[PDB]
Structure formats: C-alpha cells, structure tokens
Protein chains: 2
Amino acid sequence: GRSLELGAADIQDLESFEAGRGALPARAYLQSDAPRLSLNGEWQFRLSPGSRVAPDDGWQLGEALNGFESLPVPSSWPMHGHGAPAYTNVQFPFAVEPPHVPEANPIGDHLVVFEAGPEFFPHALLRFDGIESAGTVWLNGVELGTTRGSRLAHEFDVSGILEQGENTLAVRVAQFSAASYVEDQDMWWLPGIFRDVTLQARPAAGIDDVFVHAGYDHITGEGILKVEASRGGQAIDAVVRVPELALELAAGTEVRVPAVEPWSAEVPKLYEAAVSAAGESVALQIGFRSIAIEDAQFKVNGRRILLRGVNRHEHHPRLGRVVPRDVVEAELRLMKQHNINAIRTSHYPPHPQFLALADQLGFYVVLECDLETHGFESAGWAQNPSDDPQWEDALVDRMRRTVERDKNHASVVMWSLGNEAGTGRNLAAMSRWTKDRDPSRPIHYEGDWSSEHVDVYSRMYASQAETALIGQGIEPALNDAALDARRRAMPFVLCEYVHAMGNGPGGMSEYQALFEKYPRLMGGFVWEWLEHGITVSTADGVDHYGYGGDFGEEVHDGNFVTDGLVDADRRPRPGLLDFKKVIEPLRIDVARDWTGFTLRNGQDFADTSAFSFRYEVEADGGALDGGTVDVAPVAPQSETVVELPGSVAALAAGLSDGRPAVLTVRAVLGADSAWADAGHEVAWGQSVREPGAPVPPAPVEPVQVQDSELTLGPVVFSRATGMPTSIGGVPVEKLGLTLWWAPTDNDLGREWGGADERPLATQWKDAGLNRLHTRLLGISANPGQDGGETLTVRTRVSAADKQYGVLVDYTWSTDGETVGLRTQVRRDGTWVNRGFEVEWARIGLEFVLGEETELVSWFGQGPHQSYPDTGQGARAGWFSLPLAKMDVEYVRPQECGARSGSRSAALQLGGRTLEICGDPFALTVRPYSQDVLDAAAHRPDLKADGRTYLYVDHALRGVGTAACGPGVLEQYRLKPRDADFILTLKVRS
Amino acid sequence: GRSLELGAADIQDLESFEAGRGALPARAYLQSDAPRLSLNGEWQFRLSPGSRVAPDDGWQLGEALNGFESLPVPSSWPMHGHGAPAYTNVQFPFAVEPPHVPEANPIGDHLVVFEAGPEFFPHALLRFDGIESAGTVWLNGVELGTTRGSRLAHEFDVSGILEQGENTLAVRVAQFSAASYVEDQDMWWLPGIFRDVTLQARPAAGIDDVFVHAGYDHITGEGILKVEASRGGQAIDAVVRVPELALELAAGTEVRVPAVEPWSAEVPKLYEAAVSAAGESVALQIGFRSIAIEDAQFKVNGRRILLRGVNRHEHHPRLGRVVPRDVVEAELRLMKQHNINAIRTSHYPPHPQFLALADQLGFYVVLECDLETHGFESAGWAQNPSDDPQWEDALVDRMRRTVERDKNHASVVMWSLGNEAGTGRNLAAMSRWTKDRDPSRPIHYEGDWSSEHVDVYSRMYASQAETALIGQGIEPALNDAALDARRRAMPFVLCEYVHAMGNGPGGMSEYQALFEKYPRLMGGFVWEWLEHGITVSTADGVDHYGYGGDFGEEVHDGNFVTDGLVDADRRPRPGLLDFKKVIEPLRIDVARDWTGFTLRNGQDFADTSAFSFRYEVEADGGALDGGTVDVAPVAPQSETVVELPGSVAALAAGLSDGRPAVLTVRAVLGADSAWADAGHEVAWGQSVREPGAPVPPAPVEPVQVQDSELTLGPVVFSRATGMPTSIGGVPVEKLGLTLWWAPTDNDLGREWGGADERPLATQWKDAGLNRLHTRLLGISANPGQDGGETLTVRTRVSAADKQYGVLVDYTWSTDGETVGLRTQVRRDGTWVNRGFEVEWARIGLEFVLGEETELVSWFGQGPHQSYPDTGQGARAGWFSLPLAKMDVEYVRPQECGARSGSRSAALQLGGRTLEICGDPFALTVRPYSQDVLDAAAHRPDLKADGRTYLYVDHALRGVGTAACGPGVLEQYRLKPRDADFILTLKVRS
Ligand code: NA
Ligand code: NA
C-alpha cells in the first residue's frame, strides 16, 4: 500500500460537488458610495498543461516568478495566444464520468500587486464577477476560498488579511472542473477571469443587501413600494428617499404612492431613489411594475404583452467573454432600432452592468440561471446532475446567486432555471427556493414539459402547426390529469424558435400570425442574436471569421456558432432586417385607390404619439411627392382609418396606364429617443401600381445561316450547341437550366420527420442535381411574319446514371432591337431516386457572361435578398447596387443574393447595359460560379474569374429553418412540375 | 419546318441498335502462311470534343492535315496525354437514355499511310482486333464499314479498293456510342484502337475458317478428331496432318485416334497439326478434351475438376487496354507459380494471342462475351437492352463473334454470356445460338439465378454458409418446380468471390474447405487478378498509382479499381501469397513426433512424380539438417504416409525442453517446367516445437522516488503520467491502450445485412474509438521480495461525450535486467452507441519511441502479414526485415503490417536492441502514427517523423471481405471483453 501520483489534492478540489467555499453570502449588485478600487489591468500570467504539472513554487507571493508574462484582466486567455479556443454543442469536450476531470486541463495562474489605502480598513472585500470555471484565490499567500459558478459573482472577506500598502493577490484558474458538467452551453470553451475584480470597503453601519418591491395597481393607478435593507443578513434601519415622488420612508415598511408612472418596455419610466444608512448610501433606479398570470395569459400591469425577443449570448470577436460596455450599449440600441422588446440571457446571468441598461432602454428580460447538463442526453440522462442528490447544494447555490444579484431590476420579468438540464429533484429544489424568496416573478424552464415546477409552459422550436394548437388550448393532454389541468391554464412561450443559421430564417410570418391571434401565446425569442464568429488573419492578412473545427479541435460542430441575426461585429444579417418588419408594432394597410390607409396600434401600452407619419410616392428616377399626415393618437390594440391628401390620390389616376408607381406610408420617430434619433423608421406600408406584362417583340427578323454560327437580330448563336455566343456584342459563354442551389446551412441539416433520413443537400447529390448535362435534340426555324423567323432550340437535361430528365425548349424572336426568349419546361420520366421523390431548388436559367458587371439595377423587392419564406423587410422600389454589395457575407459561403419578385433588371458591362424584363422573376448576379460557392469553406475561398454569372429564376424554394426546428413549409416547397415564362432582352450600347 | 443542327447524321450512326455494317462474316483467329502486313506503329491523330464539332475537311485522304500529331497504334489515347482517364463502376458516365449519346463525346481521328506489295492482290482484307467503342473505317477515301463490339474483331474486304503502292487508311473512333450501354464493366473508360490492325491477303483456294473437334474417350483412351474447314461459308476439301500421331485425314470426316494423351490444366499436352488447302495452310495446336456435366458435377475427361481461378481484366499501368505480349507471358507464369489453374476473362474476350498461351501453360478458361448492362440496375432494369428486342441482332452479333474467334482452343471450357446484364429475351437468344453452334462447351451466366438458359448454377460473393447449403443440394427451391429440378442438378461455381480490395481477402479457408468436401462445388474465381492502378509522377517526381476521382472525374468510385491480388506492375500483394497456400494441390500433415508426414494428392489427373520432397529443420540462427525423402508416386485424390529419416526424429527428442525448432516438409519441382524453374515451391507442411511461456522477472528491485520521476530497474517513469519515459536508455514518448485500426477498405464498406446500416469505420468514429483519452487514477508501489517493489499504474480509457470506458492497470517488475509488464483490462459500463454495440479492432498497446528502428526481427508467422482470417501463407520461422519492408504498399494507405502469432521480437535502435517476449501477440512497427496512416489518401502523404510506433496486440480482428460480399466471420469478430497478458522486456546495449 502506497501512493505516488502528483497533484492529487488539487484534483480532489476540482472534483467536489460542493459550491465555492469561503465566499460571503450572496447579495445584490448595488451602486454604493463606499470606496472602491478596480484591479482591472495588466496582470501576470503563467499557463500549465495540467493540475498534476502545475508548479508549487510558492508563486502566490509575487516574487521570483518563473515564466510569467503580462496579461490583461478581465479576459479570456485563449483570445490572447495562450492556447486556442475550442467549440462543441451537444457534446462534452471530455470523457463523461462526473465528477472526474481530464488530464489535459489547462491551468492559468493569475497574479497582480496592488496597494490599498486606509479607506479599505478595517473592513473590506474582494469581488469576482466571473471566473471560468474554477478558481482558487490567495491574498498575500493566504487562501480565501474557491469559486464555483462561472457566470456567478463571488465575494471574499479580506478583513485582517489585507495589509496597509502593497498587497499581493493570486488566483489559480482551472478550465475544466466538476462544474463543467453543469455548464454545457452552446459556445466556445474559453476559461479565465473574464469579469471585473473589485476591492470594496465595508464601513460599519453600512448596507450589505437591498431588496426593492415596486408594484403597480393598474386599477387605482397607485405604486406599491417597500424596500428591504439589511446588514450581515439581518434587517437594519435605513432611510429611503425618492426625490421625484417627494417621499421619505423607512426601510421595511410598505407604503402606497398615490400616482406613479408604470414601467414597461414601451415606456421605461424609472424613479431615482437612495437608501441611506449611517455608513453608506445605495443608489437605485425604481420601476413600478406588476406581473400576473391570469386567464392563461402573461400579464404586466394589467395587460397582456407580446414578447418580441432574442437570445443574447455574451461574445466578442476578439475579446472572449469580455463584452466592452460601449459594445453592450451599441447592440441594445440596435435591438431597439429593430423593434425588439425582449431578451433571454442565454444561458447564464449576463454582466452585472447589463441589467441597468435593460431598465433604461425598455426590455422585458428573462434572466436565466447558469445551468445546462445537455451532454447527458446522449445516454438517456444517465448520471444527470439535475436528479443526482449529490449536486443539490451546488445547484441551489447557482440559483440563489443568480436571483440575489439582479432581484432589484424591473426589466427582469422571469427567472429561468436553466437550459436543457433534463428533469430532476434538484430542479424542483431550485424552483421551490425561488418561489419562496421572490414571488413577484414567474418561473421558466423548458426541459420538463410536464411543467410541474414552473409558471409558464415553454417549448423550443415547436412547429407553426403545433403552436396553433397550443394557442387554441386544444393540445393533446398529459397522462397526469392534475398536471394537465395546470399546464392547460398556463401561457405559452417559445424560448427559442426560427433558428437563424445561414440563409434564413424562414417562416417567421406564420409564427407571428399566431402570436397576434391567440392570447395564450406570449410570443417568443429568436435564436439567436449574434454569430459567435472569431476574427482570423491569413498569410496575406485577409481577416474573416472562423468557426468550430478551425482551431484544430479534436471534437467540434463546425459552423453552428454562426446562427445569429448579426455577425460578431454586430453587423445586421438580412434576417434581422426581415425580423424587424415581422414584429413591427404598427400595421399600415394602404388602400388600393390611394385615398387613405388603415392603421392599427399593436403596442400594449403606448399610443401613436411619439411617431410622425410620412408618405412618399416614387416613380422612375424621381420622388414625385412627399409630405406628412396628421394622425390623431391611436389607443393601443385599436385601429383607425386615416385619409391621405387628395393630391396623392389625384396622382394615382393621373399617371399612365402601365407605368410603375410606389406609395409608401412610413411611421417614424417624431423626436429623438435614448435608442434612436428622430426620423428613424419604425413601421411602413405600401400600395403598388405594377407594369403590365411585357409584349413579345415582333418576329420580323429572319435567321441568317453561316457555316458554324447562326444570327438572329443582335443575338449570335452556335450551331453545335444551340446556345447564344453573343447578344448585342456581349459575350455569352453559357446558357442552361438550373435546378439546384448551393446548399444553405438549413439544407445540410436533417429534416424533422419523414421517411427520408437524408439532409436535403444529400438528396440532391445522390440525385445528381448538381451535375446536370444537356443533350441537344434539334434546332428549328419557323415562320414568324414579314420574313421573320422564330428559332427553336430543343434540348433535354439530365445527369449521369439517371433515367429521369427534363425537356426544355428555347424559342427566340426579335424585332431587331429587342430580343424575346420563351422557355418551355416538361418533365421526362418520374423524378424519384433511392425510393424518394426528388425536390428541386429552382426553375431558372443560368447566363454566363464574358464581361464583368460593374453595377446591378432592378425594380422589385429590395435592397436585401428575397426568398419565398423570407424577405419580409424587402420593400417595393427601384434599387441599384454595385456587384460587390449584391452578395451576403455569411461566414460559410452558401446560396444567397436572390432578389425575388423582380419586374425588370439592368446590368452594366463596361459600356453596355443589359435590360431584362418579363413576368415576376428572381434575380441573382455573382462574380463566381455555384461550384465555387458550394466548395468554399470560407469567404477567402471565393475568387472571381472575370465572368458574370446571371441567374433568372421562374420559381424558387423556401429556405426554412431545417438546421434546427421546422423545415420548409408545404406552400414553399418546390416539386417537379412543368413550367413556362417569357423574357425580354435588350442591350443599350 | 426546318433543321439546323450540326453533325446529325454522324450521331444517328452512333445511336443505331445495329451491329457493325460492312464487316465480313465472323471467323476464328488462325495462324496462316498467307502473307500479312502489320500496320502497328506511328499513326496520325486528331482529337475533337464532339461529333457535332468533328471537322469534315476530307482528312481521310491523308494530305493537308490540320492539327494532327503522331500517336502509337495500338493504344489507349488517354494514356498519351490526349484527354484523361475516367472511372466508374455501377454507374454510367452519361445520362441513361438509350440509344442517345452525350454531347461531350471525344472523337479521335486516326490516319496512317502504308504501301502494299503485289502479294495482297487481287484479294485482301483489313483486320481490326479491337476499337473502343465505335469506329468508322475509310481506305483511300472509301467507306468500308463500321465496328461495334469493342473487344470483338472486325474484318473488312479491301479487294478492289486497295491500290498497288501507297494506300491511305483512315479510322474515325468515338468514345461513347449506343454500344456503351452494353459495355458497362468495372474499369477506366479508355477509347481508341487498342489492338492489332492487320492487312492479310486472301488467296484463292484458301481457308477462311477452321472448326476443330478434339474429344477424349476416357474409357477407351481414344481421341475423337474431326476438323471442319470452310471457305466463303461453304465446306471445302482440305488435308489435315498431325505428324506426332502419324495420321493424315481429309477435313469433315470424323476419325478415332487409338491412343492419345489427353489435355488438362495439369498436363497441357498439345499435338501439332496443319490444315492444308491449295492456296494456304493453317497451323493449329490440338488438345484432346471432353467436357461433361454429370451427377451434378462438372467433369473433364471423366473426372471432377476443381477450379482454382482468378478474374483477369486486361490492363497496364502506362499503356491502357494494351497489354504487351511479354507482360502477358509474365503474369500467366506468375499465376502458375501460385497454383492457379483457371481464368475468367472478365468481362470480355481477351487479346487473340492470349488463347494460345492458355493452351500451352495449363489453364481452364471461362471465355466471357463482351456484354454488361449493369447501369440499368439502378432503375429496376427499366430500358434494359437484355430484354429489348431492338437490341437482339446487336447482342447476338456479340456472342457469335466471341464464340467464332476462339472455338478451336482446348483451354476454353465454358462460354459465358456476359456479366450482370440482368434477364431478358436476348440473353435467351444468345444461349440458344451458342448451344446450336458449339455443344462441346457448357454455358455460364450469373444474372439469371433461375438458370433457365445455362448449364451451370453460378453466383457471385455468396456467403460461406450459403455455399455450404448449395454444396449439399439443400438450398431453398425455386418457385418453378420444373426449373428447380434442373438447377438442383447443376454444378455450382462462384464466378466472383473473396473480394480482394485492400487488406485481405479474409475467409478464403472456409470457402476452400467446402470446395474440397462437396463434389457439386466446382470451386471458383477470385476477384480479382490485378489492381487497375495508373502510374502518376508528382512535382518532385515521386511516382505512385492513382485511382478513380484522381483525374478530375465528375463521377467516380474512388479506389475500387484497387481490388487485385497483384498491383498494376504485377507485384504480388500479400493476398496472392495467402491464396497460393489455400489452393495448393498437395496437403502435407507433418506428424507431431517428427517420425513422418501424411501426404494427400489433391490434383485431378497428375501424380506426385514431378515433385521433389525436401525437409528442413530450423532452430535459432542455423539450419540444423536438410535432405530429400523418396516418395512413391501418389495417385490423384489419394493419400499415403511417408516416414521421415530417423535422424530427424532423433533431433526432436535431442533438443532441450523449451527451445524452438521448426520442421518443414516442402514439395518442389523436380525439374524445370514452362512456367517455373526446378526447386520452385508448390506446397508445404510444418510441425513446431514452441517455447514455453516466459517467466516474470524476480520483483527484487525497489522503486526509487525522485521529485518528478520514478525509477524501477532500467525503466524511468513520469509521476504525472504514470507512463515510462525511458527503458534502458531508449526514449519512450508514449504508452497507451489501442482499440482501433486505421480503417481498411473492407471497413469503409457497408456490411451485408444487420440493423446497422453504417460501415464499420463509421461505427468507430461515432463511438469515438479513434479519439481515446486516458485519465490517471493512481500509482501504487507494492512489496515484491527482498526489498523488491512492484509498481502499479491504474488508469481509465474513454472518449469525449461517452459514458462507457475501460479500466487498464499496468503492474511493473524487474530483476534489474529484464522488465516484466502485466496489463489488466476491464470494461467500465456498457459499450453501446447509437443503439448498437460497439466492436473493437484490437486489444493492444502502443509504444512510441524517440529513436528510429533500423531493423525488425521476430519469431512467429512471416514474412508477410498475418490477421485472424488471413496469413495462411505465413509460415513459422525466424524473420528479420528492414523497417521499410515491414509495411505493405497498398494504393490507399490503411491498416497493414501486423505479424500475428509472434513469440518474441527484437527492435534495433541505433546501437540498442529491444527484446519483447510473452504470450502469442501481434507485432506491428511503423515510422508514422495511425492518425497519419488513416488520413493519408496516397502513399506520398506518409512522412516519417523520426519516431518508432510499436504495436503489441493481445487480440486482433478479422479483415473479412466486407467491401463486397461477406464481412468478418463470427469467430473472427472482436467484441468488448475483459482481457490479460504478460510481456517480457529487455534492452541489450
Ligand atoms: Na446554436
Ligand atoms: Na471491382
């Protein structure tokens, strides 16, 4: 019997089910006049590969340091060259055997020397706001305690250890600990001290914790205020002063303020208040709100509200978990600018400073505890911590610390027990505690569908259909009659829906229609706000985002970090633009006769008084008229009809039959707000006078036959191919039918149900839809009129080893000036492969041109892209973009850039402009081919070859959200069918 | 109404269901004294991308050629830079719509000018032996006709077109034609004139075709001879002279020769004969044989024979379909050297010159017609030519031309209608014709399992089990009572089995046991003889074989061309070495007491008289004794017992208890034969005296504990890891358990049946078996004896996101000189993933050493590799190889190089030699890691890193033949279980 392994005692600590030891009781984050010293700055940093290899050179004392270097704190140290980021989603990065930790466990030693003034005597504390995932803290070689709960705050008492003058603070941080088993969220695994380390003095007769109770009686219009204040866990005498309400009360007593302005996301009214004791005073912002669940509805201040929300992770493309305050203010303002009123802190408490901003700019906030045991799902939740009693104290500590920190803020309207932790005893323990401490807020958890220990029914990525059932209260009952009776009486919320990976999300409209129609639906939260992209510079110094698997990770999920509405640098993806329109607070139905418009106010509290209503009339290359209309304030959930100036309606009948004109009624801010400047666009509506169907040119031109070529009008053909080689001088290198997209991220994912287990992208490859070949059948010339000949090229399209195909015929005609192309498409054989019917991505034509396009113009829906289930934010008008701005810079290159519902388009090539008219078609123009687009793993992989790839699609497919949740809806799917369309071509040289 | 496409008439020809027009009636390939002129040499060659683009510049006349260049003929023109090779297997390279051809159809114009002497007047013909796939032939601007049937010979009459003096011959060749639909074999698609173009004069009163009927009466010992000779399709008077049999008869009459020596693969007795007419005489080699199907047995000359065969494609690594005669002679001799007696010409007639060689060196030849419509299987054989009456004449022409060419040869014992053409009317038409023309030979076809139109029951890749049933005649009956009665009375043959892709094939022994035990089993043909590798030179001029998909092919099958017993350059893969032993014609069971051996003659005709029997006794580094034993000739299918010299048996009892000695009795050729030199090894047998289990060293050495390291005997450890860092001075960089191979080609293929659809390679990746991590549990030191301490390192092995694992413990001990390692392995949890139990590839240890190994020695089975279901040819002995010769150069790098059944091994590193002893283990040594081996797509991807990767496996897995056909057999599979083994380590410096 003998023992000889190194670092045993260190690991036993890492493998404890105990919460952080030594730390003071959990309290709220308060703004205090008590002297503070921030220890943020250059610290000394040493990295070790394991705990068994971690040096014991008494480094904690700060002198004779071996191998240390300066590292900024707070920070995520992989972001600074020390190691590399790693990313997994459903999977753990280590062997699952709780609570044991792997041998490859990066240990980062942190050290800093600071001097402490007399202000921090006799009593003071150290406050860590976040250490991932386990930390041991020494002050002048004395162990203070350990920290567990990476996104939770720990405070240690340094009274009697802190010396006057220079002090030495040493923190040992381990990446993986037993706590890693309960923090399995969807993100890069980035260890380190990533939040503020703070030294704060604790005066005698000071305030340790404050609990604010600000309620609103919507009937009597009275505020109900009562402020608890305590020191050392016991209630104390303190004075509460609210200047604006002109009152002065003692803590612990409950008074009713006669008239208060209630708080909401629409009107974030806050009252300045201070809680004063002898030793210190605390500064608070008080918002009067009351939350009730009544008649299966989630109500705030008496009225049902609609959550238009997103899921906000904390991420930066260069700093790790560190999100600079200016960056936080920026994104919150951006959310407000796009009609967002709710946030779910997924899947952990955010930076303490976040809560204040959510109070100030109006947001309904779902504050989620730092708990996710998603990696145990793989094995049927065997060894799940949520049900293991060994984990009870540790998990309850996580809930307590979460609730305690942010209880005072009005924005927090719900506590959430965590994400995807399964079901268990501990979850029930966590809920039970929270209902006892803070009854003012309902409780949210998605994992337990029985909804036994929560106040709202919550699901993620439920189908539009399923939601429609739940909204009507006719969803299938639970086995338990008692439990079903409770859940059927709960409001419903989608804590995650419309996955926004890559091109998408689609189907956002079908969800919103249900949100507006059924009171039981609270609305919900989009997944997610931002991409977790990380900036990388190449050998030639191109920088682009990188995703999972790009940093050498043994185990990864590729590009799933990229599912955001904005990129890592907070630049809006087209999805956010569409989202803004879907959840807009006002609906404007412009009448067809342009006499007036119908306006409905979709807000729950405010009226249409902060808005200014403008109208615009666009036609050709000029705004024909503009102005402002006077709209009497409209009550919330009410609608009126506003008549437009007679001048507008007069211009309608005034314009010629068949030329396009667009009437736009826009709701903009009357004056500056905290989150936007005046004139900012909130909601809009349109009525469009569309051009009639174009007329095919006179077939009065004959076909001139030479030895190897044909000529008709300005179009030169090839007698071998049957395809044009030149139109009005523009080099046509290729023309063919396309049935296939470059697979989006939605296509790469398996679809919800169905006998076909294969991702739609795979279905296409097996069907050979990406490798189509054309066989020429014959070229006819047929009489038109007055010597005119109409050329007809008959072809068949198919792929290798396939017996099915499609017959397409191109009949050309021209009056000598304008070229008329007609395409007929017929199915040859049954399109089934591997026992499943093959779906198409499009019915369109690919034009490859030998000259670059300098600039693209069109009339239809823009500026950004449009697909059948998307492009809601794309409005009618005239748009002109450089070729470079046509594309969309998704992290992983895929199908994007299609402008649906086009009527006409113009491509300028050198000195020539190519006009394309016809029936509604979808426009796409690229500097590179699809084979290039598909193959590309990153943006740099895309090199232009000097050609112009023009795409004109008759019918398109929906993009859906198949990456996670519902795929393409039925009405948006594209199955094999026979089709036709006419085009109008012309070249102005 | 009008038509304007180019090259319409050319394509209509390509799309005809008609056979070659203009060609003379099919006849046999005869050696004639009639004057011949070979036109092989430099020709002029022009390539065009399509038939619509193919120039009509009257190039056929040979002057004012534009864009021509010199190209050798015969040749495959992609092998000469003109285009590139393309490879598919089951799939067609173009859209399936018979008989239409793609637009991308390479057209190669061939042209040559030759002068013709007066000998070729007044009558002569042009003979093309092979044009792939369609050819049009002009002579001096006159169209002779077209050729259909790429591996079939066409002859055109040039009488009255051939001028005296200079003539100009022009051939237009198209790669794809309607005939491509019926030539869908497993190979590179290589067009061109790839066989001899020949000019032959046809004298008056000459012989056009000869049919030889040479039968053998095994009862009376009489030859039955009758030779038909004809001119212009009508019988003529000719004189047959057979010098050796001293007879002279007139053609058309049937005589019985009193005493003839019969022909067989074992005794290829041929009689010289000449058929003389006035104008010319024909030289023939006559072999007397008779084929009968009787009592469900395939009989030749009265006796049941055993087909030990292979499938021979015609391929060269540099020339395409062109296989030089010296290369053909070479491989045929190589086959004979490895006990092969049968060949299946897959899947087309071979070069005309092949048939003669198969007569001379003894081979049973299955001659297969050029027909495969395998690409229609994809769509349930819709539009299958085999059943389409439009194809009848074309398909019957293929059978006629095939039979007619090679009817005279004795080696051809069966006509085969083709491969994988499905079922149809035309197949029945082909059989019906063949039975009428040549009843002397049975008919083979695999596609129609009902076996309605054939003479033998034939299957491919049927399981060992299924074969065992068929052998006993108890296979499940057919729906048709009448048909079942016929098929149940047929002999059975596997036209393709034991797929030899990559490492393998395994399970060859279990098949052969059935072949020997059941008379109904004819034996069968291995797939296949050679790899279709193609030589490629890199930027630094490394040359290596390339496979499908490596030449830019839109559609491919990767490395499936690589499934041979030899590489493209006819270098034996280990599979051939194993195969030679499995099908050896003699079995030698050496008695245990070394007194004698049992010898059985497995041949059907010959006796043991051409052999010399040698014996050898090896022990340590010396052959102790050698000699020759006198064995009375043993009759075929009979066995005798031969006593060894008393000196041998005396040496057995003479040697110490526990030292190894190997007795080898070997059958070698007494004198030179046509295919090998005297002394060549045919069959062998062994009896082995194995060393006793090694004894664990005295645990008398204590553990010396320092700060960061441990020391026990000559082994230095690391206290952090628990792994040795040094043994006797050799740097040990790593030591760990392995459960995973680098997936072979068999592992990459789906397995036959089972709920698990996943290839075994994929099963491993999902299970995380390739990414194992170890967690240290503890290091103990326990008392041994006399101050001795036995170190024990306890660890656990697992992978990320997995809850199952394995507990392995390493207990070390040493007497100061020899190190004793013991490994205990225990399963922790159930090894199931995705609902399926996880199989292991091995139970072994990986040693990574910081020094290169110069040379590896061992005692066990060698020289080549050994796996549970393979290594039959690996014999017992002492082997020593350079590290470079340990590896096996498979085209795609995979698991290989394991020497199973090892007893001891020695690795020399610089000046140190490392000895490893113990229980039977499998040895593998590599210059690179497994991660390198797996990732490598080609041989060049393998770069040594200066380390030595040593593998010692307790238990191994079978390789099977899962790439196509049966996977690993039950007794060879490796499932999770608890195991142990002891090792003996020692370093001699
Ligand atoms: Na995600
Ligand atoms: Na093959």
# chains A, B, ... in the order shown; residues from 1 in each chain; ligands from 1

call {"tool": "closest_atom_pairs", "arguments": {"of": "chain B", "to": "chain A", "cutoff": "7 Å", "atoms": "only C-alpha atoms", "output": "CSV"}}
result
residue,atom,partner,partner_atom,distance
B:1,CA,A:782,CA,5.8
B:2,CA,A:780,CA,5.1
B:3,CA,A:780,CA,5.0
B:4,CA,A:779,CA,5.2
B:5,CA,A:779,CA,5.5
B:6,CA,A:720,CA,5.4
B:52,CA,A:720,CA,5.6
B:53,CA,A:720,CA,6.6
B:91,CA,A:801,CA,5.3
B:92,CA,A:801,CA,4.8
B:93,CA,A:800,CA,5.3
B:94,CA,A:800,CA,4.2
B:95,CA,A:800,CA,4.2
B:96,CA,A:803,CA,5.0
B:97,CA,A:803,CA,6.2
B:102,CA,A:775,CA,6.0
B:103,CA,A:775,CA,5.9
B:375,CA,A:801,CA,6.7
B:719,CA,A:5,CA,5.6
B:720,CA,A:6,CA,5.4
B:775,CA,A:103,CA,5.9
B:778,CA,A:5,CA,5.9
B:779,CA,A:4,CA,5.2
B:780,CA,A:3,CA,5.0
B:781,CA,A:2,CA,5.3
B:782,CA,A:1,CA,5.8
B:798,CA,A:95,CA,5.9
B:799,CA,A:95,CA,5.0
B:800,CA,A:94,CA,4.2
B:801,CA,A:92,CA,4.8
B:802,CA,A:96,CA,5.6
B:803,CA,A:96,CA,5.0

call {"tool": "closest_atom_pairs", "arguments": {"of": "chain B", "to": "ligand 2", "cutoff": "10 Å", "atoms": "only C-alpha atoms and all ligand atoms", "output": "CSV"}}
result
residue,atom,partner,partner_atom_place_in_ligand_line,distance
B:88,CA,ligand 2,1 (Na),9.9
B:89,CA,ligand 2,1 (Na),7.3
B:90,CA,ligand 2,1 (Na),9.6
B:185,CA,ligand 2,1 (Na),9.2
B:186,CA,ligand 2,1 (Na),5.9
B:187,CA,ligand 2,1 (Na),8.0
B:499,CA,ligand 2,1 (Na),8.0
B:500,CA,ligand 2,1 (Na),8.8
B:501,CA,ligand 2,1 (Na),7.9
B:527,CA,ligand 2,1 (Na),7.4
B:528,CA,ligand 2,1 (Na),7.4
B:530,CA,ligand 2,1 (Na),9.9
B:531,CA,ligand 2,1 (Na),8.8
B:532,CA,ligand 2,1 (Na),9.1
B:557,CA,ligand 2,1 (Na),9.7
B:559,CA,ligand 2,1 (Na),9.0
B:560,CA,ligand 2,1 (Na),5.3
B:561,CA,ligand 2,1 (Na),5.5
B:562,CA,ligand 2,1 (Na),7.3
B:563,CA,ligand 2,1 (Na),5.9
B:564,CA,ligand 2,1 (Na),8.4
B:963,CA,ligand 2,1 (Na),9.5
B:964,CA,ligand 2,1 (Na),8.7

call {"tool": "residues_around", "arguments": {"residues": "region 215-220 of chain B", "least_positions_apart": "4", "cutoff": "7 Å", "atoms": "only C-alpha atoms", "output": "PyMOL selection string"}}
result
chain B and resi 224-225+262+288-290+301-302

call {"tool": "write_last_selection", "arguments": {"atoms": "C-alpha atoms", "output": "PDB file, in the first residue's frame"}}
result
ATOM      1  CA  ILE B 224     -12.029 -38.391 -81.296  1.00  0.00           C
ATOM      2  CA  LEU B 225     -10.936 -35.975 -84.008  1.00  0.00           C
ATOM      3  CA  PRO B 262      -5.482 -36.011 -73.027  1.00  0.00           C
ATOM      4  CA  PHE B 288      -7.961 -33.691 -76.768  1.00  0.00           C
ATOM      5  CA  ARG B 289     -10.537 -32.955 -74.078  1.00  0.00           C
ATOM      6  CA  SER B 290     -14.175 -33.719 -73.341  1.00  0.00           C
ATOM      7  CA  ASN B 301     -12.145 -36.228 -69.284  1.00  0.00           C
ATOM      8  CA  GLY B 302     -14.178 -38.345 -66.904  1.00  0.00           C
TER       9      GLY B 302
END

call {"tool": "residues_around", "arguments": {"residues": "residue 925 (chain A)", "least_positions_apart": "4", "cutoff": "12 Å", "atoms": "only C-alpha atoms", "output": "ChimeraX atom specification"}}
result
/A:845-849,852-858,865,881-888,895-899,905-908,929-930,947-953

call {"tool": "closest_residue", "arguments": {"among": "A:167, A:346, A:813, A:440", "to": "ligand 1", "atoms": "only C-alpha atoms and all ligand atoms"}}
result
A:346
